[PDB]
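There is one chain below, alone, in structure tokens, taken in the form deposited in one PDB entry.
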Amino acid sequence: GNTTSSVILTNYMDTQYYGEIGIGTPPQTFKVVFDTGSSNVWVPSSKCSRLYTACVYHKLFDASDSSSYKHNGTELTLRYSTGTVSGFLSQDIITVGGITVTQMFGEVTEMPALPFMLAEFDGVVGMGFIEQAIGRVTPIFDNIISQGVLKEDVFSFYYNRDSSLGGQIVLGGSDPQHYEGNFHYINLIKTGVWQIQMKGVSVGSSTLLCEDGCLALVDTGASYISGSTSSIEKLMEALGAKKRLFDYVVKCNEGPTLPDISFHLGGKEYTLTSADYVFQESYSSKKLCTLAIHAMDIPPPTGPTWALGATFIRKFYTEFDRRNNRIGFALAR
């Protein structure tokens, strides 16, 4: 086809990048994260109890207000770290940029207060494959591909630093105004997951990690770069960082002196300087500065794996190519 559709993202604090979609007739709008690490569309249901903090603070989809809704009712569940997210399947018309698609999505009726009540967005549009869809529900980008409207069966992410355009997703191509040079591509290890081979992770110009190869999930829905607890332990030792309960930290004054961390993907070292991975909220020796790298043990079959989230994407404009089952990175502007 002939279309590319872009959707403007708002950057909240360098951790949440979301844009709007519309569901139903007339459209009920929702701020959503576009998440290559997941495969389902989810918004909160109007059937969600107001005793869920995550529901009270978010917009709720109301099927009783949409003329185009088609009931399903199939229960679906995501076993999230802090508790179950669950709800039920519904079908409605969803608009993303200029694209309109009839889509099955989960209406969430219960989920943990944490981290969901902290989300500035209402929902999540999974950009991953049917292979990983809960209930094997056809994902949105599959439905869009089927419509034959896109210039190319790709979508791209631009995540800005904070903070001004917060970010941009492009459906059907990329946006040259937001990268420089050309893409370099890496083949997916397999179709079904936006996961590539990584050959190594270096601190400074020496390769401390992943020396015998490892996996890299490219996960637009993740705020941070993540590695297994054991990998991150070693990285943070190499960096001199201290473990807090939920993050790692350095004295703010040594932030700018932290080494380059390099990820070796395809034929390129993708290098983050300390400016890329330290939340430099002060330069004081009296304060602790958080690192935009965290431990996360992603269970099989996806994990164990590294995850390259917003931290990585802010630096490298990313194209996810369904036609060619590959991910392309270019230096973000």
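We call the rigid core the largest set of C-alpha positions that still match within 1.5 Å between the two forms. Residues that one form lacks are left out of the comparison. From 1 onward, residues are counted along the sequence shown.
Just so you know, the form deposited in another entry exists too; it's not on screen, but the next bit is about it.
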Superposing on the rigid core, which residue among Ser146, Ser81, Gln177, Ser230 shifts its Cα by at least 2 Å between the shown form and the other one? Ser81
Is the C-alpha displacement of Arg244 equal to or greater than 2 Å between the shown form and the other one once the rigid core has been superposed? yes
Sticking with residues common to both forms, list the runs of three or more in a row where every CA moves 2 angstroms or more between the shown form and the other one, core superposed. 79-84, 244-246
